[PDB]
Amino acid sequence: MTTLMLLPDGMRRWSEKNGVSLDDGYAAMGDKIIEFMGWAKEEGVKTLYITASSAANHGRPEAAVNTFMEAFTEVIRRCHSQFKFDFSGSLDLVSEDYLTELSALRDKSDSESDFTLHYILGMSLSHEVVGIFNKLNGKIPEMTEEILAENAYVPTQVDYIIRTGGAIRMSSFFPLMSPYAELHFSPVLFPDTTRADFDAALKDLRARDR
């Protein structure tokens, strides 16, 4: 079954366009994620990676960081019984409070579910590689691809990547060990995404086996 990575982009522009607070933008994002997970389950996806943040996002003022961390965490608070939950990334950039709570939510999630919802926090290839080197430096005889795969943020290969929000770039979010990922860029702001947008993405992605 399919491994899909979702890059939810456009919450701020959506908030401004609809004349609402950024908090309401992130709440609309959380509701969309829950909706999007349901679509993914119907569509043969077994693992949904969501890029919760780039490493740079965690350098914003703490209140702004707490704002998006709280929105992503609330999704798991509401739906952790509907899937197996895990997270990974630049954990050195995340506060103790959120790491502690997300670890609790992982333990409480349905370990028997066929569907995985996995958050990647603080994505950045340079940060990822730097961290991996400094953890293993002088501790092993040689690096191999198997060892690199074991230490990478994204622990499996990604088949498809969907980026909302109109940017045609990968920013900090390219998955290190996933050379073959097919990319689909949508101009739609993430909180406006419909199932029709998702279905169009999957038809595009599926037709690449011409």
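We number the residues from 1 along the sequence you see.
Asker: Which is higher on average in the deposited entry, the C-alpha temperature factors of 56-64 or of 37-45?
Answerer: Higher of the two, by average CA B-factor, is 56-64.
Asker: Per the PDB record, is the mean Cα temperature factor higher over 127-135 or over 107-115?
Answerer: For C-alpha atoms only, the mean B-factor is higher in 107-115.
Asker: Looking at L176, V158, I50, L148, which has the biggest Cα B factor in the entry?
Answerer: Across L176, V158, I50, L148, the entry lists the biggest C-alpha B-factor for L148.
Asker: Per the entry's values, where does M5 land by CA temperature factor relative to the rest of its chain, in the lowest, middle or highest third?
Answerer: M5: CA B-factor falls in the lowest third of its chain.
Asker: In terms of the CA temperature factor given in the entry, to which third of its chain does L121 belong: lowest, middle or highest?
Answerer: Answer is lowest: the recorded C-alpha B-factor places it there.
Asker: Based on the entry's values, in what third of the chain does the Cα temperature factor of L93 lie: lowest, middle or highest?
Answerer: Middle third of the chain for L93's C-alpha B-factor.
Asker: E70's Cα B-factor: lowest, middle or highest third of the chain?
Answerer: For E70, whose C-alpha B-factor we compare with every modelled residue in the chain, the answer is the lowest third.
Asker: Going by the CA temperature factor in the PDB record, which third of the chain does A28 belong to: lowest, middle or highest?
Answerer: Middle third - that is where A28 ends up once the chain's C-alpha B-factors are sorted.
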